[PDB]
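Look below for two forms of one protein chain, each set out as structure tokens: first structure 1, then structure 2.
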Structure 1
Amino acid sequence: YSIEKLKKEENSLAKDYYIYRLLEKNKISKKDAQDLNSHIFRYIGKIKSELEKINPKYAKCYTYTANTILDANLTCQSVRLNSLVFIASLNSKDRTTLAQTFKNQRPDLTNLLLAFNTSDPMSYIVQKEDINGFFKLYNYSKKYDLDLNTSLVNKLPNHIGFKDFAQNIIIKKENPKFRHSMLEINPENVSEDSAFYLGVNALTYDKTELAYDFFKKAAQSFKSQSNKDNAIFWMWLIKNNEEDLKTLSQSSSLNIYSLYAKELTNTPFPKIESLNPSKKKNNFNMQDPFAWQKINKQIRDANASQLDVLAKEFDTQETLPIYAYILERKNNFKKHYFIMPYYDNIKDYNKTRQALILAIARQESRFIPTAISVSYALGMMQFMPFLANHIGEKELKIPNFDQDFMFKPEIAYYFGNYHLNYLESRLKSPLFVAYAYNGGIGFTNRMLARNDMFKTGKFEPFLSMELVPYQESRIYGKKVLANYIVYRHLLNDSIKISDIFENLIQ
């Protein structure tokens, strides 16, 4: 589509995507580009960069430099010193004068100014127990590491940056002195994700009673049933209390931990809804990405009555993904929908391969054929354009191939099969295939080559699943693995969950 036609659509990821495609080919002119920021839905990343190839209150403050900062007025000094890179570029003469100037009004700035006079700014800030400075320095450089006392570490969780700081250094196995120091955080001082990660940290040093206390505090504070189940599972792995396994087995959340608990207690498999519309198709275009962005907003805004009307409108085989998306919401996410749309395209693969394709598709797109992610992964199977083109143009040599072919379910399922087959041939387990599908086989190979990941051990393979070093893939693998178990069950191709976990140990 030309830019002027595209400008008439409502702002969305689909519109951004097509704006990006034009900017990619150098097909937008300067005149056209000028009003284009009001036409972008998410002005972040690749689209922001490609476009830029085409606060006056504080502007004067940016003429000053490291060499002239003391000539500036108090406001401008204050503004420039919000940058740690700038503070580090000063000399100690100027940092010491500015620290005096700002002592009473901006005491946290004063601390950093003086900190940067020393050879280790972090040690200086740690001595002060300046928590705000601690996180700014961590963001400045991940290289700082030192042993922290009990008083300091127990103040770190009262900052919004603690959760990602902890998660990051734990799952990446970085900053050993910080990590070891966090064994002294009192579980009363943490909750939710922070408590969970500290539980994971404690397990890596084999502090299992401490871990149990952290996981218990997570279980008591998490708002999502899925996260609560994950914490309860660790409570059970550590102390083996029958009531934890029982509670987990009765979860209405369908996830790997509730599923495994049901297997272990002989609890029946959860109820899965069965959708099979009588009508084959209607006039809605399931290959039109703009139409999906529009209807998605309509469904979000609908009350119960409006959802009933929409359900009737999309009650077809061709529109099944939208029908299921409507019913999820009408039932307030309390029912379990595991659809198998456009099934004629996968019916001749074996049932395990079907389950893996369905499991991936369900997590990626909820089967919406024109699904578009924030990084412009495309279609039901959420292929990145570079991969879709590689498979389509190089490997399969499809005549007149375009990346938008990924919006057609026959293509999405066929490419998904092709790529999953390559990943499986190298990784075996559906979990490892999932990690590699989302995060790339490069990161997955490097992770599995580690001597401390997915090898024999007391709490393995469950501990390794918590230490997958990229958050998105860590979560994605767990969700896809649950979906794979359910689809295998639905296809009468059930596998013992315990066998799946045993197959992860190398």
Structure 2
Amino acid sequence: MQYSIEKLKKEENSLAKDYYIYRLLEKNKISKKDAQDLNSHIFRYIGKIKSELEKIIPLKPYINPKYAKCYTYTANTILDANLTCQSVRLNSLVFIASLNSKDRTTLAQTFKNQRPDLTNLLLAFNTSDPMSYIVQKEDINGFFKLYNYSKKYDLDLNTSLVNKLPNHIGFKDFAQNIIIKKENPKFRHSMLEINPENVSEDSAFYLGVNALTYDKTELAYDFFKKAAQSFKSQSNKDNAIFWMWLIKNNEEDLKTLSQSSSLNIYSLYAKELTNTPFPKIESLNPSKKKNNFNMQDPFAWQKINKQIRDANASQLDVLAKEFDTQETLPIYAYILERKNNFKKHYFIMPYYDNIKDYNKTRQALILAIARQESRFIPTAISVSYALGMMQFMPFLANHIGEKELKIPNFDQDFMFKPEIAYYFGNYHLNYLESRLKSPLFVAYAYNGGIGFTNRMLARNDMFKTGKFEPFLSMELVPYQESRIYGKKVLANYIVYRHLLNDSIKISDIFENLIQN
């Protein structure tokens, strides 16, 4: 089922509409005339749809009309520009780097009183190490502009300076990136002297991980304790309390972790170590078979999803009743997760007939991936236009569909069919498992590609033997999305194996992650 550009313009803006516009663009079906008023019909003007539309209508914009004259100057003529223009152009460190040193000295004096931040950057670029100059002034704003300009700068930072960095909004991403990428070792070592009083939440957590890489277990405990006290989400608290336990072995930490309302790998592990029963998994079994909603219509999902997200307690009860059917089970569960304020545990098994002939271990992995990828919504579409319950990108879907399986009249929109999604998911999971074995490693590869997973596993500091392994390595996966994805899919997999009466102990999974 195609949609022409006319039909699409009559639909509301969404990721579904973006997807169908992108399909027209890749097939060269959008003329220069169709493309004129098209920016206002795109929900997320980023990535592939933007670069494709810009081959048709290339946009020169956007400079602010107030500062238009300021962008006519260059490095050779900046001293002819008025003071407002000079200051605007000095926002760019590349521009500052391009200036000659006589003109940097001149501008530095011009700006000493009213903007000493500019003065420090100007004079810093007259040296062979701008980072060293900015560090000596303890100019915190300048430090972050330099780091964003270039990641190669690396230098030891003293106690006074590192303790000022956390007050800047850049700090969290700065600390995480250098820690998980294992870059800027002098910055990393310096961050051992940040007082836990001065950090919180994610920044405290990563400063704890950093302390562990230098075997500073006492500093690590203090950071993780601060993370546990300050974290918003119960899931992140648990992650931090686990580390508190692993380092200092206090049984009250483990007990607290075993009694957590969040179902995650850390609370599940704590329950297993204390002989606490497996948590209660809700049971959704609607008597009503079907209703008038079309689960194969991606536009209807975008519409109903926005209703659900932007609704009061009263409207969620009406929606709950309407979608309490077998045909709409994934929507029901979606509504109930928001109706109960994320307190209860929903692990549905929809369109089960398509997977009941696989072994129960494979069933659980399929279900665990699907739960995380789409919450079982058949027409789910990601921002990169991954499609259906198992979130296949068009390239992979066409390779499997057209070349490998030779399906007649295959179109990528077949990924919206549960039968096809599960089938292809099984096929692709088969390929990943034969090479990787652990369901955790499969999950990393399913999300980030087998390329990066093999690169990570080929390193001699990842998933090898050690005091805190494999738990330390799970915190050092070099992409945030993949670190998180793996933890969640692993918990899902444990739960689904339990519901299917093929339980496995999570301690066995953790033992199999250590490469021998």
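For residue numbers, the reference is structure 1: its sequence is counted from 1. Definition used throughout: the rigid core is the maximal C-alpha set that superposes within 1.5 Å between two forms.
Trainee: Report the residue, chosen from 159, 142, 280, 426, for which the CA moves 2 Å or more between structure 1 and structure 2 after the rigid core is overlaid.
Mentor: Correct option: 280.
Trainee: Using the rigid core as the reference frame, would you say residue 305 shifts its C-alpha by 2 Å or more between structure 1 and structure 2?
Mentor: The answer is yes; the displacement is at least 2 Å.
Trainee: Give me the C-alpha shift of residue 229 between structure 1 and structure 2, core superposed, in Å.
Mentor: It moves 0.2 Å at the C-alpha.
Trainee: Report, in Å with one decimal, the C-alpha displacement of residue 316 between structure 1 and structure 2 after core superposition.
Mentor: The shift comes out to 2.0 Å.
Trainee: If the rigid core is lined up, how many Å does the C-alpha atom of residue 46 shift between structure 1 and structure 2?
Mentor: After core superposition, the C-alpha of residue 46 moves 1.4 Å between structure 1 and structure 2.
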